[PDB]
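K.L.:
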Amino acid sequence: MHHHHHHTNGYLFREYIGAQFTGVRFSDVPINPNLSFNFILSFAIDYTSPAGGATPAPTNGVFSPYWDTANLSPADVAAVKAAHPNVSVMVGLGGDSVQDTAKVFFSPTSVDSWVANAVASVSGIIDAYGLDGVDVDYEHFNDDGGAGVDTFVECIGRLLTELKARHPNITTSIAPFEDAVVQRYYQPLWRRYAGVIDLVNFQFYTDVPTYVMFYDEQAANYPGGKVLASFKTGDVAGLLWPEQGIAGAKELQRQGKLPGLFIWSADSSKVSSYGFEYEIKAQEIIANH
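Just so you know, the sequence shown maps onto residues -6 to 198, 204 to 287 in PDB author numbering.
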């Protein structure tokens, strides 16, 4: 039977930046003036510092910036936004590791204690940097006796609900990927708290044979037409990866299935053999339907 024609194509491009300390600055990244552009500062983490060889440990939701704050400061956020009225800057929470040391687990002491610490500390980072929202990117779960799915759903849902109360215009997102545990944690969060989660930054970087079939699996896992496509730069596999992402994004857009697109990461692109070419190509697609 005919499938309903999708009507979701949008004008959003997002760029993760700051995790890899390659000297990248907002001003290095080409910004297409004909779309909505977001940077995502990578990452604030509720772990202690690894500086000088210390072992990071969970802080129960007391987040600190661990991106390259020297090159991506509050003044730098203000400057890129003054030069580019289409730019917003968000803070990412979590990520894989604490500056390439300990893996970042979702490890609350309790819902209420973690939420209280997370609201205060993340609101503090949003205030200090003048930010426009928050991306939730927990990727490691203690799924065999540690903090379970309902604890995660309540922690993130209540954090985003209170931030939407305190910063009513902010943009929230979640960043799941295709891992059975990760999907079990994020799918019920979207079901129970979609009202306070604006975007799904699904990481597409399976035996599913095509990019669009893989995307449609996630559109069905996270209903509402707000799943962004994505790809990664600076890959061991080379330009094969990003070229498949570009082709996938073009095919999604042909089908009305491309609300937006994001790249991991500015830092990787900067030191790649292709510079920011994929940011330019991705933004050309998003700006010119």
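For every residue, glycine included, the Cβ atom is placed at its ideal position computed from N, Cα and C.
What does the alpha-carbon distance come out to for the pair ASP89 and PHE36?
P.N.:
Their backbone Cα atoms lie some 10 angstroms apart in a straight line.
K.L.:
If you reduce the DSSP assignment to three classes, tell me which class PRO221 lands in.
P.N.:
In this structure, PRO221 counts as coil in the three-state DSSP scheme.
K.L.:
With a Cβ-Cβ cutoff of 8 angstroms, do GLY258 and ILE284 count as a contact?
P.N.:
Result yes, Cβ atoms of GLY258 and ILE284 sit closer than 8 angstroms.
K.L.:
Check the DSSP bridge columns for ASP130 and list the partner residues they point to.
P.N.:
DSSP output for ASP130 lists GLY87 as bridge partner(s).
K.L.:
Which word fits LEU226, buried or exposed, when buried means at least 16 other C-beta atoms lie within 10 angstroms of its C-beta?
P.N.:
Flag for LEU226 reads buried.
K.L.:
Give, in chain order, every unbroken run of the alpha helix (DSSP H) that is at least 4 residues long and sits entirely within the stretch 240 to 280.
P.N.:
Listed in chain order, they are 264 to 269.
K.L.:
Since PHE197 and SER228 should fall inside the 8 angstroms C-beta cutoff, what is the C-beta to C-beta distance between them, to a whole number of angstroms?
P.N.:
The Cβ separation is near 5 angstroms, so the contact holds.
K.L.:
Does the pairing of the stretch 109 to 118 with the stretch 51 to 70 give three or more beta-carbon distances under 8 angstroms?
P.N.:
These segments touch.
K.L.:
Can you tell me the Cα-Cα spacing of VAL127 and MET83, whole angstroms?
P.N.:
Looking at the two C-alpha atoms, the distance is approximately 5 angstroms.
K.L.:
What's the gap between the Cα of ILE24 and the Cα of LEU192?
P.N.:
So the alpha carbons of these two residues sit roughly 20 angstroms apart.
K.L.:
Cα separation between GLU147 and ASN79?
P.N.:
One C-alpha to the other measures close to 33 angstroms.
K.L.:
Enumerate, from N- to C-terminal direction, the unbroken beta strand (DSSP E) stretches of 3 or more residues contained entirely within the stretch 90 to 131.
P.N.:
Listed in chain order, they are 126 to 130.
K.L.:
Please tell me whether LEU5 has its Cβ less than 8 angstroms away from any Cβ of chain B.
P.N.:
The question asks about chain B, but that chain is absent: this structure has only one protein chain.
K.L.:
Take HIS(-1) and list the residues in its own chain whose beta-carbon comes closer than 7 angstroms to its own, dropping the five residues that flank it on each side.
P.N.:
Cβ neighbours of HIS(-1) beyond the five flanking positions: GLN253, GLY254 and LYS255.
K.L.:
Flag this pair as yes or no: are the beta carbons of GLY150 and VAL189 separated by less than 8 angstroms?
P.N.:
Yes, Cβ-Cβ distance for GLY150 and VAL189 is below 8 angstroms.
K.L.:
What are the partner residues of residue 306, as DSSP defines its beta bridges?
P.N.:
Residue numbering for the chain in the displayed model covers -6 to 287; residue 306 lies beyond these limits and cannot be assessed.
K.L.:
Does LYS157 pass the burial test, meaning 16 or more other C-beta atoms within 10 Å, or should it be called exposed?
P.N.:
Looking at its Cβ environment, which holds 16 or more other Cβ atoms inside 10 Å, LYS157 is buried.
K.L.:
So what's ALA12 in DSSP terms, helix, strand or just coil?
P.N.:
Coil at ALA12, not helix or strand.
K.L.:
Mapping DSSP to helix, strand and coil, what is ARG7?
P.N.:
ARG7 falls in the strand class under three-state DSSP.
K.L.:
Does the structure place the stretch 13 to 32 close enough to the stretch 266 to 275 that three or more beta carbon pairs sit under 8 angstroms?
P.N.:
Yes, the stretch 266 to 275 touches the stretch 13 to 32.
K.L.:
Can you list, in chain order, the residues of its chain with a C-beta nearer than 6 angstroms to that of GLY11? Leave out the 5 residues immediately preceding and following it.
P.N.:
Closer than 6 angstroms at Cβ, skipping near neighbours: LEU34, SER35, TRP60, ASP61 and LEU65.
K.L.:
Could you please give the first and the last residue of the uninterrupted alpha helix (DSSP H) stretch that includes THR144?
P.N.:
Run containing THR144: 142 to 159, per the alpha helix (DSSP H) assignment.
K.L.:
In its own chain, which residues sit with a C-beta less than 7 angstroms from the C-beta of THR48, not counting the 5 before and 5 after it?
P.N.:
Excluding residues within five positions, the ones whose Cβ falls inside 7 angstroms are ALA95.
K.L.:
How about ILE167 and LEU182: are their beta carbons less than 8 angstroms apart?
P.N.:
Going by C-beta atoms, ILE167 is nearer than 8 angstroms to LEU182.
K.L.:
Spatial neighbours of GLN180 within its chain, please: CB distance less than 6 angstroms, with the 5 preceding and 5 following residues excluded, ordered by chain position.
P.N.:
Correct list, in chain order: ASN219.
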